[PDB]
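Residue-level structure breakdown
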Amino acid sequence: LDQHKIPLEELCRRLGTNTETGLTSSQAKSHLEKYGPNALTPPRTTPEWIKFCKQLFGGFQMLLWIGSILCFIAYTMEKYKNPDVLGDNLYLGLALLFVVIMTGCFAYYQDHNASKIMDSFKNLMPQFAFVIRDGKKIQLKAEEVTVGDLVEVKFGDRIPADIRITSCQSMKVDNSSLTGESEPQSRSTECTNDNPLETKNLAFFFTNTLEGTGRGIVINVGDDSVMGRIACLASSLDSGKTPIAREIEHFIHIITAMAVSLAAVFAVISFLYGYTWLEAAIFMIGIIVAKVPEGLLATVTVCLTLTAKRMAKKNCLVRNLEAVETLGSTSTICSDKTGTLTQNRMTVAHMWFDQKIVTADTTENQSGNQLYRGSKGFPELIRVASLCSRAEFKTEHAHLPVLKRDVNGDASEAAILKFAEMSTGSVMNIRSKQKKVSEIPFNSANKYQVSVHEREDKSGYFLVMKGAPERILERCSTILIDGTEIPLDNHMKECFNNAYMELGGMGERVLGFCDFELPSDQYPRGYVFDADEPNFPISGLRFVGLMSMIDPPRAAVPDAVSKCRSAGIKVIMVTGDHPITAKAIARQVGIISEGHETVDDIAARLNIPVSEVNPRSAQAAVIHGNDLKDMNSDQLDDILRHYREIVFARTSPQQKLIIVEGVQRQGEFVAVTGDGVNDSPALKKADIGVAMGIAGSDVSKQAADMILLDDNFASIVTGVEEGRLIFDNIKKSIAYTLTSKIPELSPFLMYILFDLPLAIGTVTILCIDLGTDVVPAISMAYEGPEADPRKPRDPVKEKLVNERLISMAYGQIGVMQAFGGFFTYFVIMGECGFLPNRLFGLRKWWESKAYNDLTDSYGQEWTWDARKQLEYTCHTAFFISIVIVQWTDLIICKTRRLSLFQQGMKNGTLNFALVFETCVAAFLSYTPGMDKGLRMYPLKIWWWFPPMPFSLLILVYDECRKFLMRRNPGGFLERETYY
Amino acid sequence: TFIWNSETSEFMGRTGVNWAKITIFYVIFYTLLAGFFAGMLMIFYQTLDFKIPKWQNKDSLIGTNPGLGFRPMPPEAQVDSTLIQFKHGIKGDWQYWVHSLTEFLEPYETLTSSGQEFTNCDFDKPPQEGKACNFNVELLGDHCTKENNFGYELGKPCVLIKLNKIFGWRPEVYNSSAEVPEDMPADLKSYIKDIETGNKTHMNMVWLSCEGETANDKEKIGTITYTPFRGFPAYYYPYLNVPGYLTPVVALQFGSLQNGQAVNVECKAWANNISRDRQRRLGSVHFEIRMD
Ligand code: ALF
């Protein structure tokens, strides 16, 4: 697109446009039918039902689909081969189906991204102002406007569409939706450079033009305008899969791998063992219900919910549940200067007076050092700073503090007024004590401000005068030094430039201040001053000093960027401002460390070609958008790896996407913090997009996965620690609920390898995963940190589940739960009559209803009912034994490197969870009614004790290992048991 | 993509020495784990009476409700069914049932021939402690004898029935012809009245009654000849696991059974502290007999 470069006549003949009438109605209809979007096309969306439906299927739910169907078939076999079979497999069939839906509904709530960023562009451009088609101005609708159409923009009418500026005067617009900066930019009908985004010759779709009329022909309308492209590109963008989701999908793939492999194996050793179709069918619903954790994906969803509830109490709202953690696994965090790292409040920083430069306080809370008030040049300068025709506050915001009060004027005029108001306390007193009689407004070439003020003693006239320092250097003949008016000599001129260029060195926009005392004899009381033709001296004034203005950081920012870089997270500035201002803020906030110089700085010091300067020598980078435009992905990845403190400046909104996609090439998870419409693509493309809650635009909020309602950038550091904490706590919930799968599974594989009567029932299993072992698993979301993961796995560069966790859940700790469970099963069978010698080889007769007189080891004969009643009591006891050996499992999973006596049992939910674990088990096994479908029978008070010794063994074993692994650090023990 | 990396050891997870270390660690872990489990099982064992159950009678889940069981039993690998199949006549499949019935009744003839601790009990003679009451085979008549092929020869099979031996069980029998409940077959009520009119001692016993289950099985089963007493006696039952215990048996005798027609039978005991249920099969047994 080079239409801004080509002259007006060329574009007019390209589009058939006229500089005086633009187009006719028929040509307007033709352009509409050719293309009439003139708006952001709504995005393609998928309904909720299809997203939910595809969420009903997974690795843990597809298996429960096969399990649920199988018992439905099993119940059919029983019914047509036994017309009076009670309903046990059918209700179990329904139960497993409900688990699919409830877990298929917990997953949906985890991924419920509600970001209607297209509907967030509610502003757009309602009530289009004026169009010169048909030789008449029409206040027509917002969208009807098309290309080749002459528009009439005025003050604050949101330029209707991308127009090639044709004619205008005093035209200033604010493309704050393009580069984030809201400072007015003067537009003229002349292209200034090749890049169309930095020419005064071209307007844009989204600019709430401050002043200057303006005439332009519409180059394009929507979906091709600069704003139109971004909105379409922001809408048609997805981060992909969040880091925690990728780990969870990896977790599901691992467990489904064993479950489908084990069930496939046991469909072979079953059919080769003589099991009938029903016996294998009843068996299959055992080894695919014990294996799959029915209450694990739901557990993780609630665990993320709890920490999102806790982290929202720090004014940190979260839109996507899984986005809570990805601030912990992130390693490179892009940012924005104006609005995110700075207050977006142009304020004075440095003051030149009496050949001295001192820093001025910039904190919002005004906690800085006011050590300069005692300076001799302070009162005169602030008097000049206040009496220079000034600006004014607002009455309707008078009650707000001085910094929060709104003003009328330019940003430069605002900055001096707040500083004077803050310094003198109340400059209205100076207004009352110093009346105004004359003023000269800011022009477009001379742009000075001359005003006349009546002297307090009513003896003469005071002259106030500020402007660009170079312009008033020639207009000043004397300089105030230490309260003494000194004529301007060669030394002062060199000193003036030295401070002036030094002040511009930190990118701080500056303006000079000077005054003059009108003689009383030549200008007595009642003297009349002519503004059009000045009757007062204009040149050779008394120079006072230089004021500086720069957008300063917030209070929390310098600490946050320091701690983020300390936690392994590199920080990269990605702004849209000029490199000089970006480099000044980047060094100030802490992105560029002090004493670290880029190629330009190093070459500058060596006075040599920057090209010959070795890139390695330099550390930071100030890469400009133009340089970023013509380099490909090869060099881009090099500079992202070679340096560590890169500062990208003058970047178009589409270039931030290139940066984020560039960083993600290394395999890192990027985070973007922004405020404006320009960074919306970066917020949608990054793994986690953090926005601003007060100084942020509407689209930036709606296109972000997190909102900082308090604007405190220090909440990022807290989000990092809480993100890395919830990841570890989730891992400690996984290692706890995976230790129940082998004690649940072992009775089934002990039922087929050897011929033992079943120990655990399938219905009993559902009372563990969906029942007791939910609150303790939820409780681990409350566990506090131990030591620091800052150095170990800085951005949590590890898997959620690995071989060490499986070997410690399916291996060591898990087996000691199965042995503890079976010890109770052998105790009850042995005590009631069935000795272990008789038990092995009894599977065929135990289930069979043919034998009503199966004999135990003492010569008794049990019926089918008394046999099954005994088996169900062991089913209850195995359940409670699993629960009892789960008290120790929780306590030893509370910690991971430190011993329990060091950490201390100080987790309110966990202590309550242990009480909840026992009470549910006790209630579910000691109340009349639950032997009628849950197969749960009262237990003797002596049958809760057998699993207790195995509980103590697990606790003694784990704590013992912890001591060994905390000792002998890096020991193979830790190398193969530290999950 | 194999990514096997066998050249730099790396047997998919570790080097050879690392695998050796993890294997010896797992081996010892499981070894002392099995040692702990076996030690606990032995500790539990040393607190068991191998002659008397730890929980007896009503404390256990066996309860005070016994159940019957037909002896002939199906062949092994047919543990699901309760069907007795045979063809009457010289060229028949009677051999398995006859041999099984002979094997079951083996202790009632060999050890009873000596009877060192056996006691010739009777209704008015209580057993001596540590002595199992005798049960002579001749008490089962002549037709239920291995000599006449246990009746599986002429087409008149005879099936033994026995009570569950619940440890320490104390049967309570009806003390009058009016105490008996309803729902008892009229045949058993008439038998009870005859016993009460005759020797009053014989009424102290548990009463058996076999009948067809399905309404048609009532009339397709024919008459039944309980060759011994019509129900078990009441002077065997305080079981207490006496060595060489012989459970009393009531020998049915299906005199009239139609050829090639299945019959499902259900026999229930009749004592005051005995329940009966057609579904849980408490206090009753269910076997199916079909003759071809
Ligand atoms: F400061 Al910006 F996009 F808001 F560069």
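Residues numbered from 1 in each chain as written, not as in the entry; some residues may be left out. Chains lettered and ligands numbered in written order. Heavy atoms only, no water.

As recorded in the PDB header, cryo-EM is the method behind this entry, and the stated resolution is 3.44 Å.

Under the PDB entry, the name given to chain B is Na+,K+-ATPase beta2, and the organism recorded is Artemia salina.

Chain A appears in the PDB entry as Na+,K+-ATPase alpha2KK from Artemia salina.

Turning our eyes to something else, we now look at the overall build of chain B. Secondary structure assignment for chain B yields 5 helices and 7 strands. Moving toward the C terminus, one meets the helices and strands of chain B in the order α-β-β-α-α-β-α-β-α-β-β-β. Expected size for 292 residues packed as a compact globule is a radius of gyration near 19 Å; at 27 Å, chain B overshoots this value by more than 25%. Across its three principal directions, the C-alpha atoms of chain B cover 95 × 50 × 40 Å. Relative to all contacts within chain B whose residues are 6 or more apart in sequence, the contacts with residues 24 or more apart total 71%. Carbon together with sulfur atoms contributes 55% to the accessible area of chain B, which is approximately 14700 Å² in total. When the 27 basic and 33 acidic side-chain charges of chain B are each reduced to a single mean position, those positions are 3 Å apart. (Helix = DSSP H or I, 4+ residues; strand = E, 2+ residues; numbered from the N terminus. Rg over C-alpha atoms; globule rule 2.2 N^0.38 Å. Contact = heavy atoms within 4.5 Å. Areas by Shrake-Rupley, 256 points an atom, 1.4 Å probe, with all protein chains shown as cover. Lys, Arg positive; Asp, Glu negative; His and termini not counted. Charge placed at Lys NZ, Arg CZ, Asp CG, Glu CD.)

Residue and element names in this part refer to chain B. Taken as a whole and judged by the stated rule, the model has 3 disulfides over all chains. Bridging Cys-144 to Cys-158, the disulfide has an S-S length of 2.0 Å. Of this pair, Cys-144 sits in the loop between helix 3 (110–114) and strand 3 (160–163) while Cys-158 sits in the loop between helix 3 and strand 3, and the two are 14 residues apart along the sequence. The class for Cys-144 is buried, based on a relative accessible area of 1%. When the bonded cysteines of chain B are numbered from the N-terminus onward, they pair as 1-2, 3-4, 5-6. (Disulfide = S-S within 2.5 Å. Buried < 20%, exposed > 50% of the residue type's maximum accessible area, 1.4 Å probe, protein only.)

In this complex, chain A contributes 46 residues to the contact, which on the side of chain B involves 50 residues. Considering only the side of chain A, the residues that lose the most area to chain B are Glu831(A), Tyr858(A) and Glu861(A), jointly responsible for 16% of the buried surface there. Summed over the shared surface of chain A and chain B, the result is 14 residue pairs in polar contact. Listed by contribution, the elements that provide at least two residues to the side of chain A that touches chain B are helix 29 (803–832), helix 30 (836–839), helix 31 (843–847), strand 27 (861–862), helix 32 (864–894), helix 35 (948–966) and helix 36 (972–975) of chain A. For the side of chain A that touches chain B, the per-class residue count stands at 24 nonpolar, 12 polar and 10 charged. (Buried area = accessible area lost by both parts, 1.4 Å probe. Polar contact = N/O pair within 3.5 Å; in protein donor to acceptor, adjacent residues only side chain to side chain. Nonpolar A, V, L, I, M, F, W, Y, C, P; charged D, E, K, R; others polar.)

Here we take up the domain arrangement of chain B. The domain boundaries assigned to chain B delineate domain 1 (1–48) and domain 2 (68–291). Taking the mean C-alpha position of each, domain 1 of chain B and domain 2 of chain B sit 55 Å from one another. (Domains from an automatic or database assignment.)

Moving on, we get to the packing of helix 29 of chain A against helix 1 (residues 16–45) of chain B. Relative to each other, helix 29 of chain A and helix 1 of chain B sit at 15°, their axes nearing to 11 Å. On the basis of the axis angle, helix 29 of chain A is roughly parallel to helix 1 of chain B. In this structure, helix 29 of chain A meets helix 1 of chain B at a crossing whose hand is right-handed. On helix 1 of chain B, the residues that touch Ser807(A), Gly811(A), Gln812(A), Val815(A), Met816(A), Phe819(A), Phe823(A), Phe826(A), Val827(A), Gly830(A) and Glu831(A) of helix 29 of chain A are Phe25(B), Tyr26(B), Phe29(B), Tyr30(B), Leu33(B), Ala34(B), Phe37(B), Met40(B), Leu41(B) and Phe44(B). A class-by-class count of the residues in the contact of helix 29 of chain A with helix 1 of chain B yields 16 nonpolar, 4 polar and 1 charged. (Axes fitted to C-alpha atoms, helices over the stretch in contact; angles between N-to-C directions. Parallel < 35°, antiparallel > 145°, perpendicular 65-115°, else oblique. Left-handed = near helix turned anticlockwise from the far one by under 90°.)

Residue and element names in this part refer to chain A. Pairing is mixed in the open sheet, where 8 strands are placed in the order 7-25-24-23-8-20-22-21. Every other strand in the sheet has two partners, leaving strand 7 (316–318) and strand 21 (620–621) as the edge strands with one partner each. Pairing of strand 7 with strand 25 (residues 706–708), which is carried by 3 bridges, proceeds in the antiparallel orientation. Bridge pairing in strand 25 links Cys-316 to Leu-708. (Pairing = 2+ DSSP bridges.)

Right, let's get into helix 4 (residues 62–81) of chain A. Every α-helical turn comprises 3.6 residues, leaving residues that sit three or four positions apart pointing alike. All names here are of chain A. If you check helix 4, its first and last C-alpha atoms are 29 Å apart, about what 20 residues at 1.5 Å a residue would give, namely 28 Å. Residues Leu-63, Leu-64, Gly-67, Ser-68, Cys-71, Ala-74, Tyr-75 and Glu-78 constitute the buried set of helix 4. All buried residues of helix 4 project into a common sector of 135° when viewed along the axis, lining one side. The outward face of helix 4, more than 90 degrees from its buried face, is lined by the exposed residues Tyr-80 and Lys-81. Where helix 4 is buried, its residues touch helix 5 (89–110), helix 8 (243–266) and helix 10 (277–287). (Expected span 1.5 Å × (residues − 1). Arc of directions from axis to C-beta.)

The next thing to look at is the nonpolar core. Residues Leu738(A), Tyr152(B), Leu208(B), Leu252(B) and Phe254(B) are the most contacted members of the largest nonpolar core, which totals 204 residues. Among the elements that make up this core, the one with the highest residue count is helix 29 of chain A (16 residues). With residues near it in sequence (within four places) discarded, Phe254(B) still touches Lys156(B), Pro157(B), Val159(B), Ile221(B), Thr223(B), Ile224(B), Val265(B), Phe287(B) and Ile289(B). Listed in part, the 34 residues of the second largest apolar core include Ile159(A), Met171(A), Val218(A) and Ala231(A). (Core = buried A, V, L, I, M, F, W, Y, C linked by side-chain atoms within 4.5 Å.)

It is worth spelling out the site of the ligand at this point. Residue and element names in this part refer to chain A. For the ligand, the full set of nearby residues is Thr-179, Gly-180, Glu-181, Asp-336, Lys-337, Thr-338, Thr-575, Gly-576, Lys-656, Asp-675 and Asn-678. Looking at the shell around the ligand, its residues break down into no nonpolar, 6 polar and 5 charged. Split by domain, the residues of the shell around the ligand number at least three in each of domain 1 (8–34 + 123–233) and domain 4 (562–700). (Near = heavy atom within 4 Å.)

All names here are of chain A. Here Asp-769 shows up in helix 27 (residues 762–769). Only 2.6 Å separates the side chain of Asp-769 from the side chain of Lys-741, close enough to count as a polar contact. The residues contacting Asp-769, other than those within four sequence positions of it, are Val-289, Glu-294, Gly-295, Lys-741, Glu-744 and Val-774.

Quick look at the sheet that holds strand 3 (residues 162–167) of chain A now. Residues and elements named next belong to chain A. Strand order across the open sheet formed by 4 strands is 1-2-6-3, with antiparallel pairing between neighbours. Lying at the two open borders of the sheet, with one neighbouring strand each, are strand 1 (130–131) and strand 3. Where helix 1 (residues 8–15) meets the sheet, its contacts fall on strand 3 and strand 6 (215–220), and the angle it forms with strand 6 comes to roughly 50°.

All right, on to the packing of aromatic side chains then. This model, assessed by the stated rule, comprises 58 aromatic pairs over all chains. Centre to centre, the rings of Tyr45(B) and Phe50(B) are 5.7 Å apart; their planes meet at 15°, and the pair counts as stacked. For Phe50(B), a relative accessible area of 49% gives the class partly exposed. Here the guanidinium or amino end of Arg405(A) rests over the ring plane of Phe393(A), the centre of that ring lying 4.4 Å away. Above the plane of the ring of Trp943(A) lies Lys940(A), whose end atom (NZ or CZ) is 4.7 Å from the centre. (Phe/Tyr/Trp six-rings, centres within 6.5 Å; stacked < 30°, edge-to-face > 60°. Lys NZ or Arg CZ within 6 Å of the ring centre and 35° of its normal.)

This next bit is on the pattern of salt bridges. All names here are of chain A. Taken as a whole and judged by the stated rule, the model has 49 salt bridges over all chains. For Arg-665, the salt bridge goes to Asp-637, with nearest N and O atoms at 2.4 Å. Of the two residues, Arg-665 sits in the loop between helix 22 (653–664) and strand 23 (670–673) while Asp-637 sits in helix 21 (residues 633–642), which places them 28 residues apart along the sequence. When its relative accessible area of 12% is taken as the criterion, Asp-637 is described as buried. The closest approach of N and O atoms between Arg-897 and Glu-974, which form a salt bridge, is 2.5 Å. (Salt bridge = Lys/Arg side-chain N within 4 Å of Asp/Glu carboxyl O.)

The next point concerns the packing of helix 4 of chain A against helix 10 of chain A. Residue and element names in this part refer to chain A. At a closest axis distance of 9 Å, the pairing of helix 4 and helix 10 adopts a crossing angle of 145°. Judged by the twist between their axes, the crossing of helix 4 over helix 10 is left-handed. Touching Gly-67, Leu-70, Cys-71, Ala-74, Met-77 and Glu-78 of helix 4 are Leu-278, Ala-281, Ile-282, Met-284 and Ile-285, all from helix 10. Here the contact of helix 4 with helix 10 is composed, by residue class, of 9 nonpolar, 1 polar and 1 charged.

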